[PDB]
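1. make a model of this:
(one chain, ligands or ions: 6)
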Amino acid sequence: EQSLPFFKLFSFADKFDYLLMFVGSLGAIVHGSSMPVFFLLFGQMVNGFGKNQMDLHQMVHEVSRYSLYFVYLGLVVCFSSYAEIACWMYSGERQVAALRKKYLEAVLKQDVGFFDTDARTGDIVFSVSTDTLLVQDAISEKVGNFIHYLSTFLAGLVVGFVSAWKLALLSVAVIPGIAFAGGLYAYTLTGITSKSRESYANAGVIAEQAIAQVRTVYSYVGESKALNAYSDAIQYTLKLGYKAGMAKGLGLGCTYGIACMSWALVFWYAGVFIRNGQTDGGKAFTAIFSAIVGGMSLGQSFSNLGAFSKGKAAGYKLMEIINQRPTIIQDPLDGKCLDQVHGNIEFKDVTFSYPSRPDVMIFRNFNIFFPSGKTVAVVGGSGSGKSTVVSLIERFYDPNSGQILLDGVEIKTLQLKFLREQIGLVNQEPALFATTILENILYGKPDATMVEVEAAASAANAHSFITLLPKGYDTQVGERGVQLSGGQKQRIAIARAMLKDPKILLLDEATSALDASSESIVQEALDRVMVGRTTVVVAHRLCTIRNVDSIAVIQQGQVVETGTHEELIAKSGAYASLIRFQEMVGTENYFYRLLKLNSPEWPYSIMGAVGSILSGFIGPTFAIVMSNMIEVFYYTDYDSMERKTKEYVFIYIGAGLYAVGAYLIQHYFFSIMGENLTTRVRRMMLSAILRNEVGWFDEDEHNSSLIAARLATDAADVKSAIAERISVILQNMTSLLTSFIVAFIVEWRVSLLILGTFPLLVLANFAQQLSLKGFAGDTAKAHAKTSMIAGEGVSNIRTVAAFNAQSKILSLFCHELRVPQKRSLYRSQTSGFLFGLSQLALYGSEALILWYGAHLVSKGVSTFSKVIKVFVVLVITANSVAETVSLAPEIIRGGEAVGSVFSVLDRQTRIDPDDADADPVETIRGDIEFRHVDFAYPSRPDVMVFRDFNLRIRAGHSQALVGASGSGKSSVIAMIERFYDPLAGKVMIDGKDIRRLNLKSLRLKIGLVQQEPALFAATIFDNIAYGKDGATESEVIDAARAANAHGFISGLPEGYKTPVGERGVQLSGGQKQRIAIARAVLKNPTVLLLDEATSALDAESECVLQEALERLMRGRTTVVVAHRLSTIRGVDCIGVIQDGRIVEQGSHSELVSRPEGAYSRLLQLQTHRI
Ligand SMILES: Nc1ncnc2c1ncn2[C@@H]1O[C@H](COP(=O)(O)OP(=O)(O)O)[C@@H](O)[C@H]1O
Ligand SMILES: Nc1ncnc2c1ncn2[C@@H]1O[C@H](COP(=O)(O)OP(=O)(O)O)[C@@H](O)[C@H]1O
Ligand code: VO4
Ligand code: VO4
Ligand SMILES: [Mg+2]
Ligand SMILES: [Mg+2]
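-> Residues are numbered from 1 along each chain as shown. Ligands and ions are numbered 1, 2, ... in the order given. Below is the structure in question.
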């Protein structure tokens, strides 16, 4: 797959960032290059066997001075390490923030066309969360460490050039093997990272889709299906990670083996050179040490190379989206700002085909007139051309032919910000963001004070219900207003449209939930403030548009007639056809628990720990062999030094092969155990989340995008923390223990002193680990909040485009992201200071060791040879282990991630889905009853939506539940399919409490349809076959025929295979509701918890659907709710009043014959509207 070049990642750095990166590079270079020249100086005393050992008095003074020089080097390294760590971390944090802001701005600028063809909310959330973290890790202090290692290697090579050239020619000719291995490693890791990212992106979308529509998932029991799909979506990542781990082990082993063969050859040539006499001791010592340190540094920098590979792999995907230029805008040509705006929309021979289905022609030579100040109404069939006109007007899609005129010029030539402001669009189904009511209203005009908002709310008949809420204007509505009533949602959208005060009003299929009285109030408000402005009304019910001057019906291709009410009746046209159709229808200690959780694959962990320890041995063995080599060199051994050198080069060859084997084994087995653990924890976390009740979802921090981001982020660190920390910790402790034992072997008093210094280093590391942890937790929540904001913005692009609100989203993003920069500055400064202090403490320890050894030499025993061998071994081992401190921060940032993982698993649901023993009874009766049920929603537990009321539905009957003011129409449905718990009383379905019956059987025996159906992002056939899984295509076809859906479905090109899209877009409300009814009838439950169904079906299909529903409910119990008072002819148990309490139900015919009542007044008002 394609990958962005590494240098292209630095595309968001200003002058200040360039200076910081330059300072960091200089500091890293100095830190790397300090050591080789320092040991070049150190060689003068390393030659002590022939330099000044004759006079014992001068040895102690000389080595004390050299200890002071080593302390000076410690100060120099401490100062240098501070600069390169702090400057690089600050530069990385600044760049990623600008990248995130630019990416959000670029993705929020794309039109609706880009989102429907290849874009998903889950994909966007995952790209925001994970990829930006990888890019931040790519350009962080990892580059500093890589530059430090490279500078050390080059400095060692230059030092080798100075003393004796041939040795350094070998050390420079061995480069191509390491280069080729690194190239293969980078290429393979980039490929594997691309594949794994693709695999993970699909998994994240599936989980979030199931989480968002939790009510539909619970109603049509499908947690097993979602879990199986999620597990299958991450099947390939196991093999890809296995290959990546095998590649990592092979590269490091090959590098170390090449280094070992180079060391053996360089030792043999150095020996023969000393035999020649051209070289003398110290030069060979310096060259050998330089070569060893260079090979070690390359082996260390291999991991940073891999990190860079992954970073560039993610950076390609991030950069590809932002660089995508938007669709056509082309608006400023002549009419930049016309002051003669009056409406007068002209449509001339305009054709249109949607990008998803370009073959189907929606419009063919479409002509229509929208004169100024005239309330033009649009009516037609269920899905012909109604909402497409609004989409064309609101610059969503251009027409492939023809043009449309805003009374002075084609709309293609305008100003986009100017155009969208003059027209106020009302969505067919409003999409309220997750923000308080007042700010939702302020979406329209952000510069409106309280008085204007109050006036707008009062105009739209929304003051009453808003002021009755506990908080008032600050109550949250949650995701898409799921926790707010359907009727109250429409009032908020109307108020938001009114506050904008546009010159052209586009009333789409709104004003549907308002039963009779709110309808009259909003119509009075509309034709009292919108008089004198261009008006376009798209209404299904014919009574609302009775007082319309010109009713232009829209059918296939073009319009038919543009007459008034009475004029179209005379010819009977096609408008009067709808009228006569309507008339006849009416008649702590959790890390150990996490390791315990990985019990089944214990052999892999054991063998990996064996490999880690075994590679831990080889660290100090190099120093031991080098010390013995220099000892025999200074003896000059002109008897059997040939034998000594050949035996030791054989040792080197064996050690190289040994290291290859050990590294391969260790890395492969840790890779496999880490991937198994990550997959298992992901599966269990998703199962635990799906186990929770709906109330846990109805909160502020429990959002679909938030949960998806948390799942995507946490497990990843859970891998990276477990895989990396375990390897380095075991290796470093094993190497340190081996070096300490070796120090014990040659000396005892000196080594006790060095083991007396470990508390200082461990306390410094503990301080490091403590300091960074506290502020790391705060930033995680902020990043999750930003991801949630981005996902919420992307999910409602239709509302964002209509009401220009990109500035608000950017402002919220910046406000959320402001704090982490300020915290990161101090975090970087503290980390750099602590790293410098740790390095200074580490170096100061060795100087004291050398001084103590010198003092012992002055006193007698433990002479020159023993102390300096200890010094060299400690130097090598400390240099080898001086990587855990650098690796500590990025590992320790996942500590709070693990705590979040266990917090989700720990929580026990209040609603146990099965309980595994709770009366598995399948013989359902259907005689539901309520007894003194008192309920209050957990979100606002101060409203008491239900009073002491009781209602009974005998099996074989039906409910009407007229709900004029939203009190309990949809709340009773939540009781039967229990989502919450009644505070008092009890509810029974089969004569027994449903709290003790297992939910799986009950939810299998019962089925419902939502008031606002939300189709899954799949084909029509998959959506229909969601209920009663394992259904042949014949059954699906029969269900679609019975639901009056085979008509339009067969009209579609790809039969029952056309993709729908997220939330159920790229279709019509009528078609979506038909598909939902088809799924519900396919499930075929004993009790059909029906609800408001004749919402978007007010067309020529109304008679067919109602008859089919009546036939379906012949042997079923239904609770259908309907404020339309037209499709409730089933005269059983209407249930007139549900305002908190209940009122005597009787029957529909009874209350028709009974005197004035809530149903009677509703019918009177509807007939008056008629
Ligand atoms: N975003 C879209 N992508 C592809 N096809 C669409 C899209 N929106 C609407 N359509 C198609 O256009 C037709 C009419 O849709 P719509 O305007 O919603 O009808 P109505 O508004 O009368 O219900 C539908 O059959 C649907 O298949
Ligand atoms: N999930 C929820 N969280 C908080 N309040 C809710 C929730 N669902 C409904 N309500 C409140 O209960 C009242 C009645 O809602 P609802 O049952 O939808 O009425 P209807 O079904 O008659 O439209 C509303 O005013 C709403 O504020
Ligand atoms: O907002 V409702 O149509 O459930 O009364
Ligand atoms: O816009 V609709 O004709 O699916 O109510
Ligand atoms: Mg529509
Ligand atoms: Mg409702």
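
2. burial check on the closest residue to ligand 3 within the stretch 501-650 of the chain, number of neighbours?
-> Across the stretch 501-650 of the chain, the shortest distance to ligand 3 (Cβ to the nearest ligand atom) belongs to residue 513, at 4.4 Å. Yep, even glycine has a C-beta here, placed from its N, CA and C like the rest. Taking other Cβ atoms under 10 Å as the neighbour definition, residue 513 ends up with a count of 21.

3. figure out the helix or strand that it lives in.
-> If you go by DSSP states H and E, residue 513 is not part of any helix or strand.

4. longest helix in the protein, by residue count?
-> helix 806-859 (DSSP state H).

5. show me where the stretch 451-600 of the chain has its strands.
-> With DSSP state E, counting those that start in this stretch as the criterion, the stretch 451-600 of the chain has strands at 504-507, 534-538, 550-554, 559-563.

6. Throw these into JSON lines and include mean neighbour count, thanks.
-> Output for those, formatted as JSON lines (neighbours: other Cβ atoms under 10 Å):
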{"stretch": "strand 504-507", "mean neighbour count": "23"}
{"stretch": "strand 534-538", "mean neighbour count": "23"}
{"stretch": "strand 550-554", "mean neighbour count": "22"}
{"stretch": "strand 559-563", "mean neighbour count": "17"}
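
7. could these be laid out in JSON lines, adding distance to ligand 3?
-> Supplementary listing: these in JSON lines, determined by distance: least, Cβ to the nearest ligand atom, whole Å:
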{"stretch": "strand 504-507", "distance to ligand 3": "19"}
{"stretch": "strand 534-538", "distance to ligand 3": "19"}
{"stretch": "strand 550-554", "distance to ligand 3": "26"}
{"stretch": "strand 559-563", "distance to ligand 3": "32"}
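
8. as JSON lines, those strands with distance to residue 900 would be great.
-> Output for these, formatted as JSON lines (distance: least, Cβ to Cβ, whole Å):
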{"stretch": "strand 504-507", "distance to residue 900": "45"}
{"stretch": "strand 534-538", "distance to residue 900": "47"}
{"stretch": "strand 550-554", "distance to residue 900": "53"}
{"stretch": "strand 559-563", "distance to residue 900": "58"}
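
9. how much space is there between the nearest residue to residue 757 once chain neighbours are set aside and ligand 1?
-> Spatial nearest neighbour of residue 757, chain neighbours left out: residue 845 (4.4 Å); criterion: Cβ to Cβ, 6 or more residues apart in numbering. From residue 845 across to ligand 1, the span is 70 Å (Cβ to the nearest ligand atom, to the nearest Å).

10. ok, residue 213 next?
-> Taking Cβ to the nearest ligand atom, one finds residue 213 at 20 Å from ligand 1.

11. thought that residue was touching residue 1014?
-> Yes: using Cβ atoms under 8 Å, residue 213 makes contact with residue 1014 at a distance of 5.4 Å.

12. so which of these two has more stuff around it?
-> Neighbours were tallied for residue 213 and for residue 1014 using other Cβ under 10 Å; the higher tally belongs to residue 213 (20 against 17).

13. now that one. Its backbone dihedrals?
-> phi -100, psi 60 (degrees, to the nearest 10).

14. show me what contacts it?
-> For residue 213, the contact set (Cβ atoms under 8 Å, 6 or more residues apart in numbering) comprises 1014, 1016.

15. ok, the one 10 residues further on next?
-> Applying Cβ under 8 Å, 6+ apart, one finds that residue 223 lies in contact with 210, 217, 687, 690-691, 913.

16. out of the strands of the stretch 451-600 of the chain, which comes closest to residue 800?
-> Across these, residue 800 has its closest neighbour in strand 504-507 (16.4 Å, Cβ to Cβ).

17. if you look at the closest one, does any of it touch ligand 1?
-> No: with Cβ under 6 Å from any ligand atom as the criterion, ligand 1 is not reached by strand 504-507; the gap is at least 12.6 Å.

18. quick one: the helices in the stretch 951-1100 of the chain?
-> With DSSP state H, counting those that start in this stretch, the ranges of helices along the stretch 951-1100 of the chain come out as 971-976, 999-1005, 1020-1024, 1033-1042, 1046-1051, 1069-1083.

19. these two touch, right, residue 894 and residue 719?
-> No: the criterion here is Cβ under 8 Å, and residue 894 misses it with residue 719 at 9.1 Å.

20. okay, these two: which has more neighbours?
-> Between residue 894 and residue 719, residue 894 has the larger neighbour count (other Cβ under 10 Å), namely 24 against 20.

21. circling back to that earlier point, among the helices of the stretch 951-1100 of the chain, which is nearest ligand 5?
-> Nearest to ligand 5 among those is helix 1069-1083; the distance by Cβ to the ion comes to 5.6 Å.

22. would you mind listing what in the stretch 951-1100 of the chain touches ligand 4?
-> 1068-1070, 1096.

23. span of stretch 1142-1157 from start to end?
-> Stretch 1142-1157 has an end-to-end distance of 13 Å (Cα to Cα, to the nearest Å).

24. what does that stretch rub up against?
-> Applying Cβ under 8 Å, 6+ apart, the contact partners of stretch 1142-1157 are 949-951, 960, 1128-1137, 1158-1160.

25. buried subset of those residues as a ChimeraX selection?
-> To isolate the buried members of the contacts of stretch 1142-1157 in ChimeraX, using 16 or more other Cβ atoms under 10 Å:
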select :949,951,960,1128,1130,1132,1133,1134,1135,1136,1137,1158,1159
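
26. which of the contacts of stretch 1142-1157 fall within helices?
-> Using DSSP H, the subset of those located in helices is 1158-1160.

27. could I get those as JSON lines with distance to residue 484?
-> Output for the ones in helices among the contacts of stretch 1142-1157, formatted as JSON lines (distance: Cβ to Cβ, whole Å):
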{"residue": "1158", "distance to residue 484": "23"}
{"residue": "1159", "distance to residue 484": "25"}
{"residue": "1160", "distance to residue 484": "29"}
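
28. and stretch 11-19, what's buried?
-> Those would be 12-13, 17, for stretch 11-19 by 16+ other Cβ under 10 Å.

29. for it, the distance to its chain's centre please.
-> Relative to its chain's centre, stretch 11-19 lies at 28 Å (Cα atoms, centre = their mean, to the nearest Å).

30. give me the residue from the stretch 201-350 of the chain nearest ligand 2.
-> Residue nearest to ligand 2 within the stretch 201-350 of the chain: residue 215 (9.9 Å; Cβ to the nearest ligand atom).

31. for the residue of the stretch 1-150 of the chain at minimum distance from ligand 6, phi and psi?
-> Minimum separation of the stretch 1-150 of the chain from ligand 6 (Cβ to the ion) falls at residue 121, amounting to 24.1 Å. Backbone torsions of residue 121, given as degrees, to the nearest 10, read phi -60, psi -40.

32. can you tell me the closest non-neighbouring residue to it?
-> Residue 121 sits nearest to residue 795 (Cβ to Cβ, 6+ apart), 4.9 Å away.

33. any idea how far the strand or helix carrying residue 308 is from the middle of the chain?
-> Take DSSP H and E as the rule and residue 308 turns out to sit in helix 282-323. Offset of helix 282-323 from its chain centre (Cα atoms, centre = their mean): 30 Å.

34. still on that earlier bit, got the buried residues of stretch 11-19 as a markdown table, with distance to residue 484 and secondary structure columns?
-> Putting these into a markdown table (distance: Cβ to Cβ, whole Å; DSSP: H, G, I helix; E, B strand; the rest coil) gives the following:
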| residue | distance to residue 484 | secondary structure |
| --- | --- | --- |
| 12 | 40 | coil |
| 13 | 45 | coil |
| 17 | 46 | helix |
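
35. ligand 4: which of those is nearest?
-> Using Cβ to the nearest ligand atom, the buried residues of stretch 11-19 come closest to ligand 4 at residue 12, 43.6 Å.

36. residues touching that closest one, list them.
-> 95, 98-99, 102.
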